[PDB]
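Peer 1: Can you keep this structure in mind? I'll have questions shortly.
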4 protein chains.
Amino acid sequence: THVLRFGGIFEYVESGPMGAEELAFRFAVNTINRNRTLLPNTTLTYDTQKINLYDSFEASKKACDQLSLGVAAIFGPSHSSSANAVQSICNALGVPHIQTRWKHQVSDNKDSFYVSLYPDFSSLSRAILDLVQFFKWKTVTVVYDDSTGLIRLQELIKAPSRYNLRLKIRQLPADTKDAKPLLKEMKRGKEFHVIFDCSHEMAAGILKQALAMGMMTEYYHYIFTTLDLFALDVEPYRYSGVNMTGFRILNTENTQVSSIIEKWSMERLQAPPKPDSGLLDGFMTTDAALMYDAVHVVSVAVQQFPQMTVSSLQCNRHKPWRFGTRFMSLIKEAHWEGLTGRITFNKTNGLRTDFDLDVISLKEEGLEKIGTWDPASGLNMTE
Amino acid sequence: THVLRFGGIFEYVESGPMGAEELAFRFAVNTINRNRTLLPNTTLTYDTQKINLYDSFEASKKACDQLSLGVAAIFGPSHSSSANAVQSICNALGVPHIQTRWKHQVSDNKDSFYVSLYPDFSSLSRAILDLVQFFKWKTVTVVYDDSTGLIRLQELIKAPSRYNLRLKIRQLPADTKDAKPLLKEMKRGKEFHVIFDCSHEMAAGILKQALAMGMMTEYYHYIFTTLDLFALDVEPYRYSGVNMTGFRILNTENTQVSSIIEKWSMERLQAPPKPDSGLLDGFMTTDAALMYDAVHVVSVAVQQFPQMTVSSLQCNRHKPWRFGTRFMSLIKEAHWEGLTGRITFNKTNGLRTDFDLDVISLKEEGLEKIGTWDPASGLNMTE
Amino acid sequence: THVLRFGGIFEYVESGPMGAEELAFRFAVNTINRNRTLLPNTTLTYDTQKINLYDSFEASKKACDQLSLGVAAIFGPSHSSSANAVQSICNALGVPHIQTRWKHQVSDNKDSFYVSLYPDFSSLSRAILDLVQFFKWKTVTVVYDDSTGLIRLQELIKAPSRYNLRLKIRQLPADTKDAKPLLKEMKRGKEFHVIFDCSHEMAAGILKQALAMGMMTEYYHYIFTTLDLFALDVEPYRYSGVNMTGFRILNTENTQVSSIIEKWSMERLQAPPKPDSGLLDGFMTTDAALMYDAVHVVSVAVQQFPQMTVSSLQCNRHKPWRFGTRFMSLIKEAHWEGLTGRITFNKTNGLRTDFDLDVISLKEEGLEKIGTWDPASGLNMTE
Amino acid sequence: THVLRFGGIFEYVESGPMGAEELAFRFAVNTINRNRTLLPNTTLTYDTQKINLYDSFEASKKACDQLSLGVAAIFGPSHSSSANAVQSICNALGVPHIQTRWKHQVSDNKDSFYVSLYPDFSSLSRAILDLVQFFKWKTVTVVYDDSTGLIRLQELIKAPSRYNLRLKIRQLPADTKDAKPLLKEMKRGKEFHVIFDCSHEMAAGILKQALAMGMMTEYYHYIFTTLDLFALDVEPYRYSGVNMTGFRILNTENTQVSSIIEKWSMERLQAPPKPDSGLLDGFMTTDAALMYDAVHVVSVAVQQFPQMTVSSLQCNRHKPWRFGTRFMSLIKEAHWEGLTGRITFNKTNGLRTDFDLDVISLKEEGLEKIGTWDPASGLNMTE
Ligand SMILES: *[C@@H]1O[C@H](CO)[C@@H](O[C@@H]2O[C@H](CO)[C@@H](O[C@@H]3O[C@H](CO)[C@@H](O)[C@H](O)[C@@H]3O)[C@H](O)[C@H]2NC(C)=O)[C@H](O)[C@H]1NC(C)=O
Ligand SMILES: *[C@@H]1O[C@H](CO)[C@@H](O[C@@H]2O[C@H](CO)[C@@H](O[C@@H]3O[C@H](CO)[C@@H](O)[C@H](O)[C@@H]3O)[C@H](O)[C@H]2NC(C)=O)[C@H](O)[C@H]1NC(C)=O
Ligand SMILES: *[C@@H]1O[C@H](CO)[C@@H](O[C@@H]2O[C@H](CO)[C@@H](O[C@@H]3O[C@H](CO)[C@@H](O)[C@H](O)[C@@H]3O)[C@H](O)[C@H]2NC(C)=O)[C@H](O)[C@H]1NC(C)=O
Ligand SMILES: *[C@@H]1O[C@H](CO)[C@@H](O[C@@H]2O[C@H](CO)[C@@H](O[C@@H]3O[C@H](CO)[C@@H](O)[C@H](O)[C@@H]3O)[C@H](O)[C@H]2NC(C)=O)[C@H](O)[C@H]1NC(C)=O
Ligand SMILES: *[C@@H]1O[C@H](CO)[C@@H](O[C@@H]2O[C@H](CO)[C@@H](O[C@@H]3O[C@H](CO)[C@@H](O)[C@H](O)[C@@H]3O)[C@H](O)[C@H]2NC(C)=O)[C@H](O)[C@H]1NC(C)=O
Ligand SMILES: *[C@@H]1O[C@H](CO)[C@@H](O[C@@H]2O[C@H](CO)[C@@H](O[C@@H]3O[C@H](CO)[C@@H](O)[C@H](O)[C@@H]3O)[C@H](O)[C@H]2NC(C)=O)[C@H](O)[C@H]1NC(C)=O
Ligand SMILES: *[C@@H]1O[C@H](CO)[C@@H](O[C@@H]2O[C@H](CO)[C@@H](O[C@@H]3O[C@H](CO)[C@@H](O)[C@H](O)[C@@H]3O)[C@H](O)[C@H]2NC(C)=O)[C@H](O)[C@H]1NC(C)=O
Ligand SMILES: *[C@@H]1O[C@H](CO)[C@@H](O[C@@H]2O[C@H](CO)[C@@H](O[C@@H]3O[C@H](CO)[C@@H](O)[C@H](O)[C@@H]3O)[C@H](O)[C@H]2NC(C)=O)[C@H](O)[C@H]1NC(C)=O
Ligand SMILES: *[C@@H]1O[C@H](CO)[C@@H](O)[C@H](O)[C@H]1NC(C)=O
Ligand SMILES: *[C@@H]1O[C@H](CO)[C@@H](O)[C@H](O)[C@H]1NC(C)=O
Ligand SMILES: *[C@@H]1O[C@H](CO)[C@@H](O)[C@H](O)[C@H]1NC(C)=O
Ligand SMILES: *[C@@H]1O[C@H](CO)[C@@H](O)[C@H](O)[C@H]1NC(C)=O
Ligand SMILES: *[C@@H]1O[C@H](CO)[C@@H](O)[C@H](O)[C@H]1NC(C)=O
Ligand SMILES: *[C@@H]1O[C@H](CO)[C@@H](O)[C@H](O)[C@H]1NC(C)=O
Ligand SMILES: *[C@@H]1O[C@H](CO)[C@@H](O)[C@H](O)[C@H]1NC(C)=O
Ligand SMILES: *[C@@H]1O[C@H](CO)[C@@H](O)[C@H](O)[C@H]1NC(C)=O
């Protein structure tokens with residue numbers, strides 16, 4: 001009988017229930033504890049702490065508390081300022097750091113003990129660039145929201161120096177959802193081919209404002225960078241004649257994965273979606289799908305390593321954990337068929353640049369898979 | 001008799017002498033200790049610690065050591081990953097954090113206790129954009145080096161959506177100085193109007209490689225984003241017929257400032273510039289000029305606040321410093337005429353968006369001031 | 001066992017080692033003395049004297065000293081003022097005079113006893129004129145250094161009276177290497193097609209100054225009159241996109257000749273090339289290559305004439321040497337395959353107007369043979 | 001009573017009488033010996049030797065014979081190959097060398113003991129260049145005879161790089177007076193503005209052949225480089241309507257000079273001019289006029305130096321003559337009003353670049369002075 005303790009550092013909300021990632025972290029730990037073939041005779045427990053996500057000092061205190069109590073991994077603070085602080089703690093004290101969201105990896109950072117399960121925007125900007133070639137675009141307009149979106153789509157911005165695109169980079173307004181002065185300039189500029197770098201909460205907001213202005217016609221085509229395009233109530237836009245392409249790594253066409261999504265709406269039951277926020281009703285985001293996967297990919301590594309004993313490391317007397325070097329190598333060699341497809345890592349750095357997308361577009365009936373993407377193959381679009 | 005202790009967290013070098021910022025921090029503290037009108041009867045001492053600059057854990061330990069010994073300010077780790085960790089420590093424990101280099105301020109960071117003395121690239125990208133209007137450019141090519149340079153020049157990249165520029169964003173090769181495959185594509189692409197986002201060490205390297213390929217003619221024009229264009233041995237390029245514009249905030253035309261630059265070459269004497277690195281011989285970089293200024297701008301605040309007593313704060317029992325709220329307000333209200341012009345801060349956030357540049361170009365005689373820039377006025381170019 | 005004594009009159013240097021011609025004269029005499037098939041059972045010795053090269057009185061004293069001791073040939077004073085004095089001594093006293101450098105032969109000079117091994121500029125000005133036809137030039141600019149260069153390139157200057165060239169004859173500054181006021185007039189005059197009449201020491205100097213001004217672009221083409229274009233460190237100019245044509249009589253593509261060039265760097269070892277003089281490291285000049293050949297071509301004549309006995313001639317009682325008439329006819333009928341190709345003489349006067357050049361140009365990889373020249377054939381340019 | 005012995009090295013003719021320079025050397029020495037104010041109580045004697053003029057060995061033997069007998073000056077071998085040999089003898093042994101004909105002074109010749117009385121072609125090529133400006137020429141054709149004529153007229157050849165001339169350099173045939181294939185190309189090329197670099201013997205020959213072909217019309221203009229244009233029987237060309245410009249330094253408009261020219265035809269009486277050689281009957285050439293002057297300019301120096309004693313110098317034991325340094329300085333400071341105008345020398349090198357020409361042209365009446373030239377003033381053409 002073993003007691004492994006996966007750490008976690010999640011968002012602190014005062015009014016609603018626990019977040020989507022903290023639910024999926026608790027739902028995953030309960031899944032391996034019930035299921036018997038994966039990790040027999042062990043009992044995964046958890047040590048979830050809650051932070052502000054914008055406080056690198058508070059994230060570093062909770063990371064040293066989890067190392068003092070003793071963890072075998074830390075499943076990310078999930079924000080760029082807080083994740084870089086906890087990554088360097090986990091690098092110095094041996095213990096792995098599991099990331100499920102994208103952040104800017106600075107080029108001269110010699111950190112080994114981290115893996116990210118979010119699909120890398122080195123690969124995702126090539127998938128978007130393959131679509132604008134397939135659709136024969138020449139007047140692309142990238143619309144992002146925050147200044148880090150330039151780093152995300154940098155291979156798309158450098159594309160007119162190797163092809164015949166003509167980019168017109170624009171930015172959403174600072175914090176307000178008043179995208180109407182942006183969309184007036186896009187409508188007057190005759191820009192019919194738009195790539196949005198947004199989240200699905202902000203994709204839904206500007207799609208209501210593109211309806212009310214001029215822009216949900218059969219002349220406009222919208223590629224979406226977000227992987228949660230399948231979580232939009234697209235009922236006002238089905239008959240609109242529009243073309244709305246995108247991607248989806250959440251492999252919802254398996255019977256096994258769709259079983260878990262149907263289980264997900266049960267225990268989540270609280271926090272209903274407010275009506276003028278036209279996301280769909282019951283779904284896993286790809287944010288929570290990668291946190292459900294991250295517990296399983298580390299679980300592949302602990303099944304291949306049974307003699308693990310959790311130690312109580314100390315930050316101001318920082319010494320590496322005894323099995324931190326081998327167990328990190330088992331996480332970077334782990335293969336898993338999770339909610340988000342195949343999960344293999346990039347041996348050099350530790351990212352997911354090898355993954356399987358599903359190109360989805362908006363048809364009259366609904367929002368349907370019209371192709372596939374694969375870094376080896378490319379676009380296999382059976383449209 | 002007072003004993004104020006300004007902290008500092010600088011780069012650790014194993015072979016050469018102390019860095020340019022740590023020299024200028026020691027040279028500034030010795031200057032106020034000698035000079036009598038600024039801070040009478042007090043003695044500024046220092047507590048310089050040395051880190052790797054790429055280790056947010058090591059930067060956070062040295063910041064808690066300086067808070068344990070007791071400081072009244074921390075003069076920056078001077079790298080983006082390390083500065084964001086020490087900013088959140090200084091925000092939680094009251095003590096100000098003085099920054100002298102640019103880093104990405106994420107938009108939802110509610111940090112108050114920090115000021116940056118580096119000229120903001122919100123203002124510097126408008127100064128570069130005013131030059132490409134004045135020079136009547138329409139085929140601009142931005143060349144940057146690291147992925148954060150997109151965030152720096154984002155107002156220049158968004159400019160073809162409000163003017164008639166046609167940007168072609170390119171990137172230098174990853175770490176090597178083999179910019180020849182980049183410059184072949186720029187020469188074959190007939191790109192004569194280039195903006196380089198580099199440092200002066202990398203500006204000197206690609207200017208040697210632009211000479212040897214095709215590109216230092218009278219057809220090519222080079223705007224440089226760096227503020228240390230005046231520190232290039234431009235003797236191979238004076239008669240080249242080229243046009244090489246740029247900026248300079250280091251106000252070298254005063255008798256008072258040029259006295260300090262002449263003092264600077266004396267005590268620095270070690271570490272000579274190697275010959276195939278064609279920077280000039282004796283100069284302050286704008287990196288060290290802002291660290292000389294940062295000690296003085298905080299010195300204006302302590303002259304207006306004589307009853308300051310340094311306290312010994314603790315990180316794991318984090319309580320704000322007693323005078324941290326008032327003394328931070330005096331730093332954000334400080335005015336100073338330093339090496340880099342007028343130093344006034346941006347009351348909203350804490351940046352320098354109000355500063356005085358000097359547009360310099362390459363003439364046959366040398367590298368001379370051909371104008372001025374000011375966020376209020378604009379380009380007053382007496383060419 | 002014979003003792004033949006070839007005379008020699010070379011440059012007197014006070015600081016460095018012996019000159020390139022005096023080394024090659026000593027290296028050649030040692031070669032025939034070792035090698036057995038050419039001249040069996042004889043031992044060539046030498047009688048090298050050193051002069052100022054600008055003193056026809058001192059050159060005439062050393063020539064009468066060598067005739068008093070007794071020589072069978074004199075291998076040139078190698079300067080125009082000194083060579084004409086020693087030519088008339090050798091004509092009056094019978095003994096041959098071997099020349100390895102060009103000088104102005106006045107038309108009414110009835111001298112028989114001399115041969116020159118330097119390629120005649122009657123033939124070399126036609127080879128340059130064939131290149132400006134092949135390259136379809138019409139705006140040729142000849143740049144020479146001393147006033148005798150007009151005599152050298154006179155068939156190139158008389159060419160617009162039989163073709164459609166438009167010559168613009170210019171001269172380098174008097175003694176200084178300040179060719180920048182010359183190159184300003186050539187750049188402002190839009191003169192992209194330049195023929196330089198220089199030595200390789202002065203070709204290297206003005207190529208550094210053409211780089212620093214405007215002129216090493218892909219618009220400028222430089223034909224070089226010198227036969228030592230292969231002895232330039234052209235590493236700063238390979239990627240420059242320039243076109244730099246020229247000639248080479250030193251037949252470096254044979255295994256036998258390249259063996260001797262590899263032997264040459266061994267014994268020469270002293271006198272390294274100073275860095276800002278960007279000639280290559282180890283090479284025979286064509287000046288020393290013709291002095292290595294001149295000992296061998298005379299050696300062909302003494303193998304065909306075994307009964308030669310060296311006599312002690314006197315200048316103030318001038319009587320011709322007994323075998324001077326026959327042995328001079330054997331030198332003018334000698335054939336040899338030396339370092340500089342085939343060596344046959346011009347029966348009428350005694351020059352080399354029949355020789356084999358190798359047209360070399362500057363490519364991106366290096367400086368490569370792009371054709372051939374031959375007075376019979378013409379340009380066979382397999383470019 | 002003194003006995004000064006001026007040396008001389010002149011041409012050896014086998015059939016006719018002594019040459020024009022040797023007559024004028026004997027006529028000048030007889031003139032100072034008769035006349036009493038210039039050199040009282042001294043008796044100039046002479047030591048004229050005769051050479052082949054194309055033998056630098058024979059010229060060097062006669063120069064050492066005159067130094068052995070003892071001379072105070074040597075009045076030139078008067079040919080370029082022979083003069084450079086005797087110049088270096090006179091430089092090494094102290095004794096001055098007086099030149100009366102042009103030769104190529106190589107630029108790195110450090111010879112002090114020589115003066116030339118022939119007008120320098122540095123100044124004479126500017127006088128020809130001032131005429132082609134005054135006559136508003138733009139299609140100039142230079143015709144020379146030997147390859148040294150390029151060195152003579154080099155400032156005229158370099159003139160299209162600073163003005164709007166368009167030179168077409170041509171050469172007379174090698175030795176024959178068959179200039180008809182040259183004049184066919186000049187007539188077919190529509191070249192009406194011709195500069196001839198010739199002697200007056202060859203100017204008369206090609207003027208007979210320009211009459212018989214097409215070219216003595218009112219369309220053709222001929223500038224002559226020779227200073228003996230006044231010695232042409234121009235009676236067939238007076239009414240021809242031609243324009244034939246030229247120069248004249250022989251100052252035939254003085255009563256004193258025209259007395260000497262009338263004396264000259266008396267003692268010369270032998271050697272009549274053959275009819276088909278249409279030079280005039282009785283005249284001093286400027287060759288003999290400068291030899292008459294050269295004895296007088298040296299005579300100014302010996303009047304200012306009475307204690308001169310002629311010494312017997314030796315060539316193979318070469319030691320400078322005791323008063324050679326001072327007496328050479330008196331020749332370079334001598335002023336004289338001779339047959340050829342004012343005779344002042346060029347302190348730097350020793351040439352005549354300051355002289356007074358007389359521009360003469362062909363009118364219907366005869367060949368008349370139409371202007372003046374002076375290096376200070378320029379063309380004062382009272383036409
Ligand atoms: C509960 O059972 C297993 C617990 O191990 C869960 O994961 C699976 O673990 C086994 C251990 O090697 C592997 O079996 C695979 O099962 C899938 C069923 O979809 C089948 O397609 C494969 O050929 C193989 O038999 C596998 O590593 C892993 N499954 C996957 C998809 O990676 C399993 O997910 C849990 N649920 C059920 C309903 O079994
Ligand atoms: C592990 O990580 C490295 C670096 O992230 C991966 O290297 C990258 O691999 C791709 C494919 O070889 C390189 O080229 C790109 O490929 C697309 C394929 O669609 C092609 O269309 C483009 O020509 C594009 O250049 C990419 O440059 C390369 N990056 C570097 C720095 O070498 C590597 O593939 C990963 N290993 C895996 C996934 O096994
Ligand atoms: C010691 O530090 C004091 C700092 O106050 C220096 O005194 C003054 O410092 C500033 C230079 O930043 C100057 O004051 C200003 O001058 C302008 C005109 O240039 C005037 O408009 C302002 O009202 C203000 O006075 C001033 O140059 C300088 N004072 C003097 C006399 O130079 C002081 O120079 C420092 N001492 C040493 C030895 O460096
Ligand atoms: C304190 O900070 C804020 C922002 O950090 C400063 O406001 C900024 O002011 C500039 C100039 O007025 C605005 O930028 C540009 O104005 C130019 C005028 O030519 C024009 O090309 C564009 O329309 C562009 O907007 C900038 O928008 C504005 N920032 C914000 C967020 O509104 C403010 O001036 C600072 N206070 C000081 C220096 O006292
Ligand atoms: C010693 O000198 C003799 C000179 O005869 C060298 O023998 C031969 O010299 C010439 C090189 O100039 C070559 O002869 C010719 O070769 C061509 C083919 O390359 C052939 O067509 C001719 O019929 C003639 O034979 C030849 O390379 C060379 N002989 C050998 C065996 O290499 C001899 O090489 C000199 N010895 C040394 C040690 O250098
Ligand atoms: C011995 O010497 C004489 C001259 O030193 C050589 O004669 C010269 O031969 C060349 C070539 O045939 C003639 O030059 C040029 O011919 C080209 C053919 O393309 C043409 O562009 C011109 O018409 C030009 O004349 C040159 O005129 C001629 N020289 C003389 C004085 O006739 C002779 O070939 C030598 N003997 C040998 C190498 O056996
Ligand atoms: C014979 O008499 C003198 C001998 O000395 C010859 O040359 C002249 O020498 C005197 C001595 O200084 C100078 O007199 C000048 O005479 C000319 C007459 O043309 C006059 O114009 C001057 O104002 C001055 O009085 C002078 O240096 C020199 N003459 C010249 C022209 O340079 C003279 O040439 C001989 N013949 C006659 C007829 O006197
Ligand atoms: C002594 O000899 C030197 C060198 O031969 C003479 O120097 C030369 O003098 C002229 C006049 O200053 C220079 O310029 C030329 O002048 C003409 C006048 O008509 C003018 O039109 C042109 O602009 C032309 O450049 C010439 O360059 C200069 N040479 C050198 C090497 O400096 C000097 O004048 C002589 N001294 C005398 C005659 O007192
Ligand atoms: C949607 O996609 C189809 C197929 O690529 C294309 O024909 C159509 O024009 C697109 N709609 C747009 C661009 O509005
Ligand atoms: C596209 O998918 C089909 C069906 O799975 C398969 O033939 C192959 O993977 C792809 N086709 C091509 C031509 O690559
Ligand atoms: C540099 O300045 C000159 C003169 O103002 C002008 O050619 C242009 O502004 C620049 N040169 C270029 C772009 O070649
Ligand atoms: C720019 O030039 C002068 C120099 O300082 C300045 O005084 C003037 O006011 C400015 N001109 C403008 C802003 O038009
Ligand atoms: C050099 O060669 C290239 C290719 O043959 C051609 O541009 C031309 O011949 C030369 N280049 C010039 C004159 O710029
Ligand atoms: C030039 O090229 C080849 C290569 O050596 C040569 O054999 C051939 O005879 C020549 N071709 C001609 C002269 O047409
Ligand atoms: C001779 O000179 C006059 C005056 O310069 C000129 O008018 C005439 O045309 C000239 N004769 C020619 C060029 O044949
Ligand atoms: C031309 O000569 C006249 C008369 O000798 C005289 O006025 C002056 O020297 C010259 N005139 C000018 C204007 O130079």
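Simple scheme: letters A, B, ... for chains in structure tokens order, numbers from 1 for residues in each chain, numbers from 1 for ligands in the order shown.
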Could you list the residues in chain B lying within 6 Å of chain C, using only C-alpha atoms, and format the result as a count of residues only?

Peer 2: 7

Peer 1: Could you give me, as a PyMOL selection string, every polymer residue with an atom at most 12 Å away from an atom of ligand 7, counting only C-alpha atoms and all ligand atoms?

Peer 2: chain D and resi 28+30-40+251+254-260+292-293+296-297+299-301+303-304+334-343

Peer 1: Generate the output file for the selected residues, C-alpha atoms, as a tab-separated table (two decimals), in the first residue's frame.

Peer 2:
chain	number	residue	atom	x	y	z
D	28	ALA	CA	78.13	79.34	-77.83
D	30	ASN	CA	83.09	80.93	-79.09
D	31	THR	CA	80.55	83.61	-78.14
D	32	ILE	CA	81.48	83.88	-74.44
D	33	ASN	CA	85.18	83.71	-75.39
D	34	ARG	CA	84.77	86.74	-77.66
D	35	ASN	CA	82.35	88.75	-75.50
D	36	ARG	CA	84.00	90.50	-72.59
D	37	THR	CA	81.42	91.46	-69.93
D	38	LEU	CA	80.25	87.86	-69.40
D	39	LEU	CA	83.20	85.95	-67.86
D	40	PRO	CA	86.15	88.37	-68.06
D	251	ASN	CA	61.80	84.36	-79.20
D	254	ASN	CA	63.77	90.45	-80.48
D	255	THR	CA	66.45	92.31	-82.40
D	256	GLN	CA	69.13	90.60	-80.29
D	257	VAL	CA	67.82	87.07	-80.90
D	258	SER	CA	67.19	87.64	-84.62
D	259	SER	CA	70.80	88.83	-84.90
D	260	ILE	CA	72.01	85.44	-83.65
D	292	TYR	CA	73.12	77.76	-77.07
D	293	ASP	CA	71.22	78.78	-73.93
D	296	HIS	CA	75.01	80.74	-71.09
D	297	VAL	CA	72.96	79.70	-68.04
D	299	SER	CA	78.04	80.84	-67.57
D	300	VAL	CA	75.87	82.91	-65.22
D	301	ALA	CA	76.79	80.45	-62.47
D	303	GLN	CA	80.53	84.40	-63.10
D	304	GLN	CA	79.06	84.21	-59.57
D	334	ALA	CA	70.46	81.27	-62.52
D	335	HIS	CA	68.31	83.66	-64.55
D	336	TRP	CA	68.95	84.38	-68.21
D	337	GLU	CA	67.21	86.03	-71.15
D	338	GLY	CA	68.31	83.74	-73.97
D	339	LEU	CA	67.02	82.69	-77.36
D	340	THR	CA	64.12	80.81	-75.76
D	341	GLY	CA	62.83	83.53	-73.45
D	342	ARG	CA	63.38	83.68	-69.70
D	343	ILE	CA	65.27	80.74	-68.22

Peer 1: Just the residues within 9 Å of residue 71 in chain B, please, counting only C-alpha atoms, with nothing from its chain fewer than 6 positions along; format it as a VMD selection string.

Peer 2: chain B and resid 4 to 7 46 to 47 95 310 to 313

Peer 1: Report as a list in words all protein, DNA and RNA residues lying within 10 Å of residue 375 in chain C, evaluated on only C-alpha atoms, omitting residues in the same chain fewer than 3 positions from it.

Peer 2: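 Near residue 375 in chain C, the qualifying residues are residues 123, 124, 126, 127, 353, 354, 355, 356, 357, 378 and 379 of chain C.
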
Peer 1: For C-alpha atoms, I'd like the residues from the last selection saved as a compact mmCIF listing (two decimals), in the first residue's frame.

Peer 2:
# COMPACT_ATOMS: atom_id res chain seq x y z
CA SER C 123 50.23 40.58 -75.72
CA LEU C 124 48.84 41.30 -72.25
CA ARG C 126 45.26 42.34 -76.07
CA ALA C 127 44.21 39.80 -73.43
CA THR C 353 54.63 37.25 -76.69
CA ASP C 354 53.63 33.56 -76.92
CA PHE C 355 52.40 32.33 -73.53
CA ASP C 356 49.40 30.67 -71.91
CA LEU C 357 47.29 32.63 -69.43
CA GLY C 378 42.04 33.86 -78.08
CA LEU C 379 39.60 33.56 -75.21

Peer 1: For residue 27 in chain D, work out the shell of residues within 10 Å, counting only C-alpha atoms and skipping chain neighbours fewer than 5 positions away, then give it as an NGL selection string.

Peer 2: :D and (21-22 or 32 or 263-264 or 267-268 or 291-292 or 295)

Peer 1: So that I have them on file, write out the residues from the current selection with C-alpha atoms, as a PDB file, in the first residue's frame.

Peer 2:
ATOM      1  CA  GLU D  21      73.506  70.692 -81.090  1.00  0.00           C
ATOM      2  CA  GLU D  22      77.271  70.279 -81.461  1.00  0.00           C
ATOM      3  CA  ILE D  32      81.478  83.882 -74.443  1.00  0.00           C
ATOM      4  CA  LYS D 263      74.623  84.739 -87.645  1.00  0.00           C
ATOM      5  CA  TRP D 264      73.636  81.065 -87.470  1.00  0.00           C
ATOM      6  CA  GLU D 267      78.868  79.353 -90.233  1.00  0.00           C
ATOM      7  CA  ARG D 268      76.433  76.427 -90.679  1.00  0.00           C
ATOM      8  CA  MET D 291      72.088  74.180 -76.291  1.00  0.00           C
ATOM      9  CA  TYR D 292      73.116  77.762 -77.069  1.00  0.00           C
ATOM     10  CA  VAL D 295      76.178  77.253 -72.101  1.00  0.00           C
TER      11      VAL D 295
END

Peer 1: Run DSSP on the backbone of this structure and report the residues of range 82-308 of chain C it assigns to alpha helix (DSSP H), as a PyMOL selection string.

Peer 2: chain C and resi 82-92+121-134+149-152+154-157+180-188+200-211+255-267+286-303

Peer 1: Using only C-alpha atoms and all ligand atoms, find each residue with an atom at most 9 Å away from ligand 10 and format the answer as a PyMOL selection string.

Peer 2: chain A and resi 371-372+377-382

Peer 1: Residues of the last selection are to be written out with C-alpha atoms, as an mmCIF file, in the first residue's frame.

Peer 2:
data_model
loop_
_atom_site.group_PDB
_atom_site.id
_atom_site.type_symbol
_atom_site.label_atom_id
_atom_site.label_comp_id
_atom_site.auth_asym_id
_atom_site.auth_seq_id
_atom_site.Cartn_x
_atom_site.Cartn_y
_atom_site.Cartn_z
ATOM 1 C CA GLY A 371 -10.192 17.055 -41.972
ATOM 2 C CA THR A 372 -7.198 16.147 -39.834
ATOM 3 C CA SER A 377 1.596 14.310 -42.734
ATOM 4 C CA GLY A 378 0.005 17.749 -42.892
ATOM 5 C CA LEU A 379 -3.567 18.540 -43.849
ATOM 6 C CA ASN A 380 -5.480 15.410 -44.805
ATOM 7 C CA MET A 381 -8.735 17.266 -45.424
ATOM 8 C CA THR A 382 -11.489 14.896 -46.533
#

Peer 1: Could you give me the residues within range 142-346 of chain B that DSSP places in strand (DSSP E or B), as number ranges by chain?

Peer 2: B: 142-144, 170-171, 193-197, 221-224, 232, 243-246, 279, 336-338, 341-343

Peer 1: Excluding residue 192 in chain B and any residue of its chain fewer than 2 positions from it, enumerate the residues within 12 Å of it, using only C-alpha atoms, and give them as number ranges by chain.

Peer 2: B: 137-142, 168, 183, 185-190, 194-195, 210, 214-223, 242-244
